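Below is one structure, written out as structure tokens, with a few remarks after it.
Labels run A, B, C, D, E and F following the written order; every chain starts at residue 1.
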């Protein structure tokens, strides 16, 4: 699904689909941490 | 099973031509001078794709040493200290595969 | 009121401040005409404060 | 113990940008663009005519100040534009600025652009007379007066650009300024008026404590930005009223 | 206890650093403004055992 | 019982003037105000430096 996700202006979660390490320079930007999305995904319900 | 364990000795490399040696017009003893570099450069990756090969080798070797252990009903403690060591080679391989 | 504490020199009739808006790139004695303009600022600044 | 430590910070920094604020209130309209004035008929002045500036000049000075004053974008006059439509852009965007796109602007709108002094923004000074329907045939490619146009001459707000009759005189008496002379003017008023401070107030100013002269304060406002990195316009429903 | 020596070497090992009284400081971080972006003290772990 | 009433009164102080959290980790970001200027570069408030 992705390691970062952005907020679409209509309100949907646009997951990036890339495996990247987080840095705190991305804290000011539009990307979020994907573990804290609280969005259930099929098959990975234990990580959620 | 014997063929399956011999699929763990396979190399994890690529086949690079001698691009800087042919253009330098150096002596070579073949038609296409190609050497075998053991592992690809791994820039920008979170999970290292060469260290993850050793994850899947030990996961097969921890099933070979488990079936050999329970065939001779050895201790739970003497088997657990083997598999703790087999994943201590997991951790020490991640430090150097970078 | 516009005493020597605020750097306004009312001796010559007009307010004069020495080193507030000096013009650059001129002869070293040609900055006196810009003192009246800086003098009107510190009069405006003192009424405002 | 915490009230007197909170007041003595809010007292100090309220007067710390006090000489920062005074000079930039006087010079809030000191910025200027380079316009041209193409004369249109026989025996005109240097300033009577169509007032025109470039898109590269528009994008720096004028466009960044229309996204602050929260107006729509000015319209693209395309040659088929009636002078009612240009009046719909002066009444929407409170400055008389219109953008050019293409076409040949007719002489009906050319009489409108002369009387109301509407600033026409061109993308280039490349064959300028051919873009107008020169029916009177007095407008020439080499007939203009490239003069400056200050920002206070085209804008007027109560709390954004100080442009009254008094400050209009003082910028005419000031010499040719710079970003090194305005920085000298702030360091001189800070030398004259040494501010008051309590026992806790001096402890904060020697803690921060020296760098002030980095940020420009010309028409400085408080706005939000996107996480992209672009400055958003003001919104009546998201920001507090004190930031408008 | 001997069998929990693998556990107590990771609790003490974590426990030993965090400073006191940074505990007093932190509580002030749960309601201060943020002007510099905070960042995590580097916890280099392996998640082996 | 005793930490919570300290957070309820430290959040009413004068200089703690920003909202800090809004319940959900999934959407909250601090509002990034800047000091914009048409004659210079904007300087952000919340800025990792």
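As a convention for this text, a residue touches a chain if its C-beta (ideal position, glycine included) is under 8 Å from a C-beta of that chain, and two chains touch if they have at least 3 such contacts.
Taking A-F and A-E together, the chain pair joined by more C-beta contacts is A-F. Measuring from the average of all protein CA coordinates, the nearest chain centre is that of F.
Per-chain Cα centroids separate chain D from chain E by 52 Å.
Between the Cα centres of chain C and chain D there is a gap of 28 Å. A separation of 30 Å divides the Cα centre of chain D from that of chain F.
Centres computed as Cα averages put chain C at a distance of 43 Å from chain F.
With touch defined as above, chain B holds no residue shared between interfaces to two or more other chains. For chain C, the set of residues that touch two or more other chains is empty. A complete list of chain pairs in contact reads A-B, A-D, A-E, A-F, B-E, C-D, D-F, E-F. Of all the residues in chain A, the ones that touch chain E in their complex are 24, 27-28. Residues 46, 48-49 of chain E are the ones that touch chain B when the two sit in their complex. Chain contact summary for the complex, chain A toward chain B: residues 3, 19-21. Contact residues on chain F toward chain D in their complex (touch as defined above): 13-15, 29, 31-44. Considering their complex, residues 18, 22-23, 26, 170, 173-178, 180-181, 184-185, 188-189, 192-193 of chain D touch chain C.
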